[PDB]
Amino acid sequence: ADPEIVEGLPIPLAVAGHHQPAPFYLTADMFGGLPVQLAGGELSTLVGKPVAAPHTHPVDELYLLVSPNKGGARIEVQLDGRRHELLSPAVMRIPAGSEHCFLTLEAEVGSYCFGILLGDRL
């Protein structure tokens, strides 16, 4: 087993507000310790099916939205109780402590949203 690689992905972690574990691709324990965590997933099966209720983390975060066609995915991010619209590709800042969640309004195969956590606590 090659210590430079992790193939045991995603790592499903319990996360506040979620109805099933969130899929993690980077965790804080990896490779002797990372300064970020990263969760997310492909959106084609999540149209109209939010992964979570509004929830918080004690670290700043970023949402990253990508899709193979320009504008191929659209999400709504609730932040501080108000909706923001993202059209792929896009990034959005989510301040530490802020109540947030996203909803997929449209996606194609290969649309991805990731939550990038700028620290090691959830």
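Residue numbers here begin at 1 and follow the sequence given.
- Here the stretch with the larger average CA B-factor, out of 88 to 96 and 75 to 83, is 75 to 83.
- Per-chain ranking of the deposited C-alpha B factor places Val59 in the highest third.
- In the deposited entry, the Cα temperature factor of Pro68 places it in the highest third of its chain's modelled residues.
- Ranked against the other modelled residues of its chain, the C-alpha B-factor of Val109 as given in the entry falls in the highest third.
- Among all modelled residues in this chain, the alpha-carbon of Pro3 has a temperature factor (C-alpha) in the highest third.
- The entry lists a Cα temperature factor for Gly33 that places it in the highest third of the chain's modelled residues.
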